[PDB]
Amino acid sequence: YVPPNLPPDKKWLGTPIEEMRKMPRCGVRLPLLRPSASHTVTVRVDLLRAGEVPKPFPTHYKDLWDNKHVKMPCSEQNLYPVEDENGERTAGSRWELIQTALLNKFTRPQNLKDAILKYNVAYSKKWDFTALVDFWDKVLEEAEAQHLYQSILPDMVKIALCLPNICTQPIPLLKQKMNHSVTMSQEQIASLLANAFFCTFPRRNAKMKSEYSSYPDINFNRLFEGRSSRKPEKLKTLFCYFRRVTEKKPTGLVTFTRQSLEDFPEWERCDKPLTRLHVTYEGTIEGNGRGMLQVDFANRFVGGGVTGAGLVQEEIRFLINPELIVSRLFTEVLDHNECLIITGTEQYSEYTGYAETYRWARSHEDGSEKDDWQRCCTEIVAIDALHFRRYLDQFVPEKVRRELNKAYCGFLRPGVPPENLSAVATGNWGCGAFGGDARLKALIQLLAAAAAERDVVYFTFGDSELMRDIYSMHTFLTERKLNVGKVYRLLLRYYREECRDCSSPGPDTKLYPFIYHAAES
């Protein structure tokens, strides 16, 4: 069986995009946003009104310095040792120290550094600031850099130091196995990120295995190091944010939910049928999946290398929607059965390129209308694929079972009637830096979505052959009436037969050919 040749000029195939369900239009009436055992809410829900920056709850700063919550910098327990009159050691408030370090003009880059390091003295002789020093003096002109130091940086310091009156409620850590949600103000997030920018957060820098060894970086220290060329475009994009939220205090709310599923489908038996597909080689997930569930091609440590190294799908999403970065403050690494769902973040910048082609394009005025909880109508899910080192590895059932489960966990929304759930807006998940095969993930995903009762929208990101092969396969499986079960079974029939005992680094027969042949020929 060789697949039927399809319309050679057309840009998309399958169900027309504008027929897929999308929020807010498809959404269930959200209930009274109340705090609960599983939902921390850090603003005044009674006072919550369109256009008005939310008042934080409770009104005055309550601190928790422990292993259940973020260790806020401004805590009275954030200490450093100090010699007294006699030489005997006492503790000094690190917060005060920070305050009086950052309340100074920064008229050169050397100053900002001096500042950050005044509290981070252990890393005086470990933290490179080239990238910054370069950005300020060489990449930004007299005009731009003047606006940065008498305006933006001081504005950032203001919201940074207002933290205790902004994030008055303790932020719990979203640990492994917790099914928990946090919802906080865009304003609150900007304060924390401002703090992140000034490398303010305590106990989050150990090379040595610490308490937070299990969590991603959050201080921005690494954005300052290296002779890397993409650092500046990164800075341009984050300042675009810091400039937008200092000038006009944002009035939205944002929700982070960790999801852990303990019980999965018995895929061999799964009776549910395939869902509707729309696949296109133009568009992008952020660009075109307006209203749908947009996937983040995530690292287990969420956000990937946004604070320093990387600059691919996730890092990019996290830069254009910087409010996602704060997820790193409190989200432990993802186990194989976990994900992070962020409803509410805004897009502040537009871009061009990818990896080392990345340029900051312009500011973006996010268009998304807000929901019942004053959260933008855009829901990202971060799911982490496996980073396959040898290409065949991924067809081992265990590897397929897993990628299936992750995808599932990221899509499934327990309790929710399918007819309310939007489409999933995805693409070549795990088939870039993580080096997996697109044709397989495509299927896997398409199977998981099926199991989740969510229709898919796949962006092939330029690859039009993929658009066809994808589509061809979807339509072949569908007209031949196949459920998730059989389609899974065949994937293992593929392993046993071409992969299990394979001399070469690649099989003689690719997946789709094999599947086509193995069902109806």
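Residue indices: 1-based, along the sequence shown.
Chemist: Which has the higher mean CA temperature factor in the PDB entry, 471-479 or 41-49?
Modeler: Averaging CA B-factors over each stretch, the winner is 471-479.
Chemist: Once you work out the mean C-alpha B-factor for both 73-81 and 416-424 from the entry, which is higher?
Modeler: 416-424 has the higher mean C-alpha B-factor.
Chemist: By its CA B factor, does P31 count among the lowest, middle or highest third of the modelled residues in the chain?
Modeler: For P31, the deposited C-alpha B-factor lands in the middle third.
Chemist: Relative to the other modelled residues of the same chain, rank the CA B-factor of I152 and answer lowest, middle or highest third.
Modeler: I152: CA B-factor falls in the middle third of its chain.
Chemist: Please place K175 in the lowest, middle or highest third of its chain according to the CA B-factor in the PDB entry.
Modeler: It falls in the bottom third of the chain.
Chemist: Comparing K406 with the other modelled residues of its chain, is its CA B-factor in the lowest, middle or highest third?
Modeler: Answer is lowest: the recorded C-alpha B-factor places it there.
Chemist: Test of reading the entry: by CA B factor among the chain's modelled residues, which third contains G367?
Modeler: Ranked within chain, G367 CA B lands in the highest tercile.
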